[PDB]
Structures are given as structure tokens and as C-alpha cells.
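Okay, so we've got the same protein chain twice, two forms, each given alone as C-alpha cells, structure 1 and structure 2.
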Structure 1
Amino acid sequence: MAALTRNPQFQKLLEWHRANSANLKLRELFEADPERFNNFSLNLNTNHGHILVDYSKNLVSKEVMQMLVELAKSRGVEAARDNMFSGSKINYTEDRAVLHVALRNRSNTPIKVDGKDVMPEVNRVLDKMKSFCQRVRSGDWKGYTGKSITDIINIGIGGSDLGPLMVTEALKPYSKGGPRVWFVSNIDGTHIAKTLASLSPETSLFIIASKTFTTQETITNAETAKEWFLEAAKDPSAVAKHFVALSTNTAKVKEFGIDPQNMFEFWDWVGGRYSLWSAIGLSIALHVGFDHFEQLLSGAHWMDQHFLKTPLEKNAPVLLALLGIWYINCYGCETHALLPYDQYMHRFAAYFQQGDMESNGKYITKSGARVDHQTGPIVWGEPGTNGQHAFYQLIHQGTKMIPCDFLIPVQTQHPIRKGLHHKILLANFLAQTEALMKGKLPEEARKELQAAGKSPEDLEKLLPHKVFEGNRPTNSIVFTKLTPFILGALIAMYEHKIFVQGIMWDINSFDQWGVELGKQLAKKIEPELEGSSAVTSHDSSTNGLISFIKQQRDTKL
């Protein structure tokens, strides 16, 4: 077996679930205990707003929470946490520290890797970013014809894209005075082509985000942008006015035509999917200003400290992690839905798809043994209220158990019509989790059918269709306002949830060996596509698809 399944607190939890989970009914839990919301929620005061983490609509009793906390302890969560924060090389397959918490370490307390405090270099790069932001935002940085920059284009993939994109979308109201921001990530030529079509070479600045500066898709996109730019500028020396790098590869950066003074460094202890807090966040700082970027870091820092200092039983990311374990490893739920009731947060779920699924979509434990239990869930979702009219039908009346996190700011950035829209949004947010829990009893549905004038025959036929079984668990995460600080705290909360789950599963949340095979095979196929000759070097499906491609690419439609 594996570490988790060999653990006796886990065996006890599993045994308790088998014997008792059928007895757990949300309706009954709330009816028996009017202190339930009080005892199963955390109202966090950050001094820059409150975050209420309401986990009371979960299929848990006091005893279940006690068992889960005991399990987190006996799986080494407290020790693993301290190891991360101290700079121990907890990314064990790559022998690397994991120090995204250093990037936002506002206290400046020394954090050592290999005996050397990392904070001077973190703060050096931050200072460089702040200086660059001043130059671009003020209009002092001029393009090749002497004009101020109006547009910033981040070119990057995965971690170099999703973070900056989600945060700039989420924090759009804080971007007054800032340049427009664009994100190019897909190798699909459509992405760069449609971005470039709406831009001027004179006033656009490109941020090429790649640690190694050899990332195929990113560098291809970058070179395409350079080609486009040089067609207009006709001067290789002008590239340095319009292209900067988030990288450590001085030589490749120089070769591209970028001034190495405009290379913004980060370190191997910064994972791609934990990188928005580093130089990778340069586009965020340009868009909303460095002051707001620091507020984002400070919120994350607040949450880092909460995670570090708080006893497990009242520790927000730990509790969220434990609930997930309960549903994944005891109930066997394959997915987790993230449902922010906020249009600005429309890319939040997509971001945590990488954050969660690339971290914890793993099957080998620290010992090298295969897991014999589930690990990370499939993460998905869309913002409310749109989801209600898309897929909540399945959540309410399907055959799947789907843990959902509902998120919403109390205060809206756009209180139009005296707050009418936000009142409706809030009411739907509250109503949906209430409905998921309560359902609708046959006696309730029967009376509704009778009042609608349904015949006894039609009533009988329709009745079961109108019943909602309920007992569907949710978390409600409510916060004062979606500010840079509060957004930073929320992202950090989920990063730490992911960390806790990985430790409990005995997996490495911080590597990504599963990307290798697809990369290797793609490199083999690339040269085979060119020309008319038949490709026979793969399985018949791959061969057959390539044949179709070669046959269909010259057809005029």
C-alpha cells in the first residue's frame, strides 16, 4: 500500500465513513445544532477586509473534523509546512526549494537557501520592476518613433500566462492610468495574429516570459512578434525598445535583441504555477501599478502567516484541504467545482486548473511506491450566475457528487442601479447553496403541482421530476471586496490548500514529470508533417491522422 492508506488515522476515517456516512444529512445536521454555522466557519479579519470561510454546508460532524485534523497531523503537515517556509528542498525529485512564499515575504525576515538569504535578490528584482513600471506608465519609456507605450503584450505559456491573465482580469478596476494588457499563449497562429492585428508597432511593448528563453511555443510567438515589429521598424536596434524578458538566460535574451538590463530574473524555487508573485507578474504591475502589485503580495503574505501560525483546527487552507480529502478519498468524488459569483473572476477556475491539477495530478509517492488511492481532483467551473443556466441542472439533479466552492465579494466594483444587480447576484449566491443543501420534498412539490391546476394523472407523473434530493455539500467563501490585497490572500489560500493535500497524499506537488512524454513525441512528429511522403513510423491511428492532414491541407473550400 502507500503512506496515506497505511496511516491508522486514515483507516479510522475510512471505517467511520463506511459505517456512518449514510447517516449524514445536511438538513438534520443544521436542525440538531443552531450553533452549526458558528462552529463550522472562519471569519478572518485581515485588517484590510474580512474573508469568511463558511464550511458548514459540508457533510461533516464535529467528530469528522476532529478525525481529519488528527490525520493532517499524523501525515506530517505541520512539519512539512515549516520545511517549505524555511527553504528546505521539499521538491524532492528535482532537489529544489519551494519558495513562492519568499517572493511575497513583506516582513523581510531572512529565508535561506544553501545558507544564503534570498530576500536581497527578491527585493532587487522587485525594485527593478518598480522602476520599469514608472518608466512605462509615466510615458517616459518611448517606442522607436518617440511615442509613449499604450499596449503591453505578455507572451508566455502555462504559468507564465494564466496567473498574470487571471489577476489583470480580476483587478481591472485598478488599472486606470495603466496601459492595455494582452496575453498571447497558444502556439495556434490565430492567437498572435489576432492580437497583432489590433496593435501598433510604435506603441506596443512585448514581455517574453520564459525562464530558459528556449520554450518552443513562447519563443516561436516572440519571434513572430519580432518579425511583425521589424517589418515596421526596419532597425534591429529598435527591438530593445519594444521587448523585455522575464528570464535568467542572459545570452539568449541578448541574442534575441533585448537589452539585458531589461531581463527580470527569478529562481528555480519559483514554480511556474506559483510564479505570478515574481518577475512573472510584471504585466500585473504595469497594468494596475506597482503599489497595487505590492498590495497583492501583502495579501498573500497575510495568508502565508495565517497558514504558518494558526492551529490546524482553525486554519483556513488546512480545513479546505481536509474537506477535499474527505470527498476525494472517502466519498470518491472525482471533481471539484470553483464557482465565483464575479465576472471579473472569470479566469479564476482556469487558473486553479493548472494550480491544482498540475500540482496534485500525480501517482508516485515520496518512497517511490505507486499510490493505491485517489490524488488530485479535476477542477472546473464558470462564474455565477451563468453556471446556473448552464450546468447546475446536473449539480442539483444528476448522478454525481460534486463538492463546490461558491465565492463572492460583498461589495461590488460597479454598484449600478443603486445596487440592484448586486442584490440579485448575492441572493442567487445564497439561494443556490441553500437549495443544494435543502432540496425540495415531495410534499412541497405536490402542493405546487396541485396549485398549478395539474390533473391527478399529470401530478402523479410529474411529481418525481420536481423533487430535489438535496444533501449536496458546498463551501461559501465571502469577502468584503475583491481588492488586490484580498485577491492575493484568496490565491495564497488555495495554493496552501493544494500544498496540504499533496503532503497528505505523500506526493510531490511541485514537479511536473508528466509533461515530458507529449513533448518528446511532438518533437518527433513536427518534421514528418512537411512534404507529401507518407508517414508510417507510428501506430496506425497517428499515421492515419497524418495521412488525412496531408490529403486535406490543399483542398480549396
Structure 2
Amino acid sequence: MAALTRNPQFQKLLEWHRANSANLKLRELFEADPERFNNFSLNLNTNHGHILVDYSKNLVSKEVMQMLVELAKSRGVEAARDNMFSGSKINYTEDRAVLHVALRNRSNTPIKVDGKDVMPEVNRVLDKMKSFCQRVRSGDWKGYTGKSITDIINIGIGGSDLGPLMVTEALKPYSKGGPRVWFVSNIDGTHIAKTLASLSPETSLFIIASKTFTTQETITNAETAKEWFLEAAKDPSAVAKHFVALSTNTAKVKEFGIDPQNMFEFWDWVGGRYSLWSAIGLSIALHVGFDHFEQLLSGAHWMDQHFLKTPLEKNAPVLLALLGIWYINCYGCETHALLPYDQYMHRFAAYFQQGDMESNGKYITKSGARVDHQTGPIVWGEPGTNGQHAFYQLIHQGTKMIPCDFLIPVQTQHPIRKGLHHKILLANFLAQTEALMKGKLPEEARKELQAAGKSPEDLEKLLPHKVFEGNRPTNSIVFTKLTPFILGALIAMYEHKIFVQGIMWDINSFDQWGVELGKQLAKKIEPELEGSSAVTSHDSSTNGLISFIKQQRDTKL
């Protein structure tokens, strides 16, 4: 047994679910209570736009929410939160603080690690980033032939890739006057090859993004970039004009051959999947300008303050977390879908697929005991409206329960045709959650079949296929506009959702020991692939696949 399952508030919740959950029907919940939306939503005013978190289309009553809040309290969420914010070493397996909140601490109130305020160094690096952004964006920073930089290439993977990629994509309209940004991440040589093919060494600046500065994919990609660069420049001293580093590892940055003044530092208490707020966000700041980067940080700071100050029962990330606990630990739902009705947000789901799954895909608790309950869900999704044509069939008429978060800005960045496209986009956003809740009754579908001129036989056969059970719960998250500030608040909101769930499960949201085995085994296989000799050192499958590779790699097609 584990902390969560031994908790009496959890036991009460589970027993309530067993006895009563069959009585929960969304249609009836709304019919019984005209104040339902009012009581089961949060309209947050940030002073820079509103964020409406509408959780009313969920399979919860007032009683269920009360039990969930009581569980958050009795799992120590409030104390755990305060410990994060104060610099306690809550990443217990690595003995590190967890301080992405410090990166965006706009108030500059001291946050101490080992008795020392981290804010001076946070701000020093931010100042460095700002200066660098001015130099590059103005054209003052020259390439080896004296030309202004037109292209920036981030080289990094996972935490050193997805954040900057997702954010630059989401904030594309804010990039006027900024250099083009490219993201190279996969070791697959296709990635760097196709990127370099469209670039000039004279006007391209590479950003080597790596906490450790030892990740194989990133260092290999970086060395490939440098080789390509030096082929043209034929001068090792020119590297300082075209390569900068975002890292915690001064020594390995120097060994690679980058100028010490070209290093933008971060700290061990910045987790990779929580790092876009640090030096790692340099490509964001370059692309959209430092002012917009500061706005992004400020939005996160607003949400941090909301999370810190707000009673749990009306605390947005807490409520989202609690709904997830309900669906995961009581209903047994494996997945959570993120469905932004926004093309600019097209990498948002992929970002939180990392942020969520790498954080909470854990099975060992703080005491060292194995969990005897579910932890993190599989996170997935694609932007609306496309999903409606693609996998919503399964959401509407399959055999899985799938909690979905639908997200949309009220105002579009592109109000073409006098807002026609956005009107339609909004209408779909609204209609889909409504339909997921309501479904379609036999009496409704029957009349439709009759009106279509179906024979009595055809109607009878078709009817069950046209009926939708509904009762599919959703969150609707609606915000004034997707500005840098609002985007920052939204990312931070989900960061804190993930944190609350982790605390409740008694797991460490901030380590990632599960990547180690794959890395070890790959290092062993790498040298074995070279040459013609048979590999027999593994299981028959691994050996068999290697044999196939060696046999097939010289075939001409």
C-alpha cells in the first residue's frame, strides 16, 4: 500500500464513486441546477485578459468537489506548494530544489537555495539574454563575413527543444523584426541535413541548448553543425560568432569550443521540461523580442501567484488536478486529451505530453514503496477542428472514457473575412463539448431517419448507429487572446496541475530515472553495428534485428 490509498479522504472518495457514480449524468446535473456553470467555473481576471476555466461539463457534484478538495488538503498539497516556492529540495531523489517559479519571479522577492537568494543570478542571465537579443535583432551582431544574422538554429532535445519550439510556434504573430527560427532535435540525420540545406553559414547562428552539455543527440548534432560551418568559414576563431550555448556545464561548453561570454547559464533546480523560462528560452526571446519574452514570464508569474494565494476550492491548477485524479484513480481513465482550437497552438499537446508524462509517469513513492494505484495519464491530442474528422469518432462512439480539455482564444490573430473563420471555429468549439455531454437520443435520431425517407427496415437497422450516449466529460478553457502573457499563464497553469497530481500520488514529479536504461543499452549497441561480424551478445530479437540491419544496409533499390 501507498500514501494515497491509505488516505481516508481517498478511501471515502473511492467508496462514494463505487456507490454513486452510476447516478452521475451530465444532462441531469445541468437540468437540476441552473447555477451549474456559475458554481463550476472560474473566470480569472489577470489584468491582461481573462482566462475562463469551465469545468462544469464534468461528472462531479458539489459533494464530489468537496471530497476532492479535502483530499488535496490531506495529501499535503498546500504545504508541498509552499515548499516548492521557498526553495526546499523537494526533488528528493536528486536532492535539488524545484524553482522554475524563480525564473519568472517578477516581484524579485528573495528565493533562497542553501541560504542564498537565487534572484540576482536569475536576473543577471536575463539581462545577458536581453543584451544578446538587441545585438542579434538589430543586425549589430555580425557573422564571419560581416553580415547580419537572418536565421537562428536551436539544437537540443526534449526539455531543451519542445518548449522553445512550441512557444515560438504559438507566438509567431509576435515575431516581426526577428530572425527566422529553426529547431533541430532528432539524432536522425534527416533533421539537421534538411535544416542546413536551406541555410547560409554566413548568416546562421546556432544555439546549443543542453543542461548537461553531454546529451548524445545534441552534441552530435552540434558537432555536425560546426563541421558544416567550418567547411565554409575555414577559421576556428569564427565559431565564436556563430555558436552560443545554453547550459549549466561551463567545462563541457568550453571543451566543445564555445566562448565563455557566449554561455547563458541556468541551474540544477531548473528541470528540462520546466526550462523554457530560463536561458533555454533564448530562441523565444530572439524570435519575438525580449519584451514579449518578459510578458511570457509575467503571465507565468501571475499564475504562480494565483496558485500560491488562492484557497484550493477556487484554485485553477488545483481543480484541474483534482478532476484528473477523479478520472484516473476512480474511473480508471488511461488518457487525457488536449485539444486546442488554434493552429498556432499545434505543438501544445506535444509539449504537455512531455511535461505531464515525464513528470508523473512514475511508480515509486517518497517512502520508496511501489504505488498500488494509477499515476500519470497518457497525454495526447491535435488541434480542432481537425480532430472532429479524425479521432473524435472514437471519443463520441467508442468504448473509452477520455477526459478532454478544449482550449480556444476568443480573439484570433487573423480575423480574415470579417471574422467568419473564427466565428465558425468558435461555433465548433462550443458545439463539440455540448454534443459530447448531450449525445443524441433515440427519439431524436429516429425523426431524422424518418425525414431522410428511410424505409421502416432501414430505419430499424440504422437507428442504434445514429444514437450517441453522450455523458462524455470535458473542460473548456477560454481566454481573451493568445498573447505572450496569456500563453505564459496557461503553461504555468498546467505545470501546477502536474505538480498537484504528483504530490497527491506521493511521487517525484521532478526526476526522470526512467530514461537511464535505454541510454545504457544504446551505448552498448552503437559500436556493435560497425563492420560485418555477427552480433550475438543480446536476446535473439535484438540479435535478429541487428543481423537484418547488417544484411540489408548494402542492398541497392
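When a residue number appears, read it as a position in the sequence of structure 1, where counting begins at 1. Between two forms, the rigid core is defined as the largest C-alpha subset superposing within 1.5 Å.
Put simply, after the core is superposed between structure 1 and structure 2, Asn249 is the one residue in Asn249, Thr365, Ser175, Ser88 with a Cα shift of at least 2 angstroms. Once the core is aligned between structure 1 and structure 2, the alpha carbon position of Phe352 differs by 0.3 Å; this is the C-alpha shift at that site.
Relative to the superposed rigid core, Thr215 shifts its CA by 1.4 Å between structure 1 and structure 2.
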